[PDB]
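Structural overview
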Amino acid sequence: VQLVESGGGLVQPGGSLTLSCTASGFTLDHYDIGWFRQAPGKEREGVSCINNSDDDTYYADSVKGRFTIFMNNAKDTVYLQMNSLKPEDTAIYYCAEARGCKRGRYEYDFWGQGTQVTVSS
Amino acid sequence: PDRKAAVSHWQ
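Residues numbered from 1 in each chain as written, not as in the entry; some residues may be left out. Chains lettered and ligands numbered in written order. Heavy atoms only, no water. Residues with missing side-chain atoms left out of burial classes, pairs and counts.

1. Some words on the packing of aromatic side chains
In total, this model carries seven aromatic pairs over all chains according to the counting rule given. Pairing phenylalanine 70 of chain A with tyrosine 79 of chain A gives two aromatic rings, centres 5.5 Å apart and planes at 25 degrees, and the pair type is stacked. Cluster of aromatic residues (ring-pair linked, three or more members): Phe36, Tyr94, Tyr106, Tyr108 and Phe110 of chain A together with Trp10 of chain B. Its guanidinium or amino end placed over the ring of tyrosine 94 of chain A, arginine 44 of chain A lies 3.8 Å from that ring's centre, counting from NZ or CZ. In this structure, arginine 44 of chain A packs its charged tip against the face of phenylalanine 110 of chain A, placed 4.5 Å from the ring centre. (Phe/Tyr/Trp six-rings, centres within 6.5 Å; stacked < 30°, edge-to-face > 60°. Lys NZ or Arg CZ within 6 Å of the ring centre and 35° of its normal.)

Following this line, the structure appears as structure tokens:
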């Protein structure tokens, strides 16, 4: 599956965005999909992951509560709802298949160029 | 693809 990102922008602190991770309109409900980001000066990190077969979701502590990862009934998009955005959330956001939503440091295939999110006053 | 590591400490 070749996933790519959309939905970035520059927002003011306290605002929100909805990102989309898609694969050409194909359905995604078989896959486990992670949302990741790489902020300036930081390691690329996984922020949320969905295990679509098992109906599990995972969040980094830095985003829990504020972010949610989900599909809608079309099953063609893994959304990332990002609420209460802070300057520290500024990063390029990427999505990729993340089988099992494993914890640790793995390699992923990032087929998309990412989507820039800038949170700035 | 960009074949790249990332850290996942999600729960």
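2. A look at the nonpolar core
Ranked by size, the top nonpolar core spans 27 residues in total, and within it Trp35, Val78, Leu80, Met82 and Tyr93 of chain A carry the most contacts. Of all elements in the fold, only β3 (17-22), β4 (32-38), β5 (45-51), β7 (67-70), β8 (77-82), β9 (91-97) and β11 (115-119) of chain A reach the threshold of two or more residues within this core. If near-sequence neighbours (up to four positions away) are discounted, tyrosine 93 of chain A is found in contact with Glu5, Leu19, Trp35, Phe36, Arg37, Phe67, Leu80, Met82, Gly114, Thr115 and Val117 of chain A. In terms of nonpolar packing, the next biggest core, distinct from the first, is built from eleven residues, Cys49, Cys101 and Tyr108 of chain A together with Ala6 of chain B among them. (Core = buried A, V, L, I, M, F, W, Y, C linked by side-chain atoms within 4.5 Å. Buried < 20%, exposed > 50% of the residue type's maximum accessible area, 1.4 Å probe, protein only. Helix = DSSP H or I, 4+ residues; strand = E, 2+ residues; numbered from the N terminus. Contact = heavy atoms within 4.5 Å.)

3. A short note on the state of the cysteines
Residues and elements named next belong to chain A. Under the definition given, this model contains two disulfides over all chains. Shown here is the disulfide that connects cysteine 21 with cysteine 95, its sulfur atoms set 2.1 Å apart. One quick way to see it: the torsion about the S-S bond of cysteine 21 and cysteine 95 is about 85 degrees, and its sign makes the bridge right-handed. On the criterion of sequence distance, the pair formed by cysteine 21 in strand β3 and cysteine 95 in strand β9 is long-range, its members being 74 residues apart. Taking the relative accessible area as the measure of exposure, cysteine 21 reaches 0% and is therefore buried. The exposure class of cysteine 95 is buried, given its relative accessible area of 0%. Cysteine 49 shares a disulfide with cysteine 101; S-S distance 2.1 Å. Because the sign of the S-S torsion sets the handedness, a value of about -80 degrees for the bond joining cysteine 49 and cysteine 101 places this disulfide among the left-handed ones. Of this pair, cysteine 49 sits in strand β5 while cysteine 101 sits in the loop between β9 and β10 (104-110); the two residues are 52 residues apart in sequence, bridging distant segments of the chain. Taking relative accessible area as the criterion, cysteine 101 reaches 0% and is therefore assigned buried. Along chain A, the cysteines engaged in disulfide bonds are linked according to the scheme 1-3, 2-4 when indexed in sequence order. (Disulfide = S-S within 2.5 Å.)

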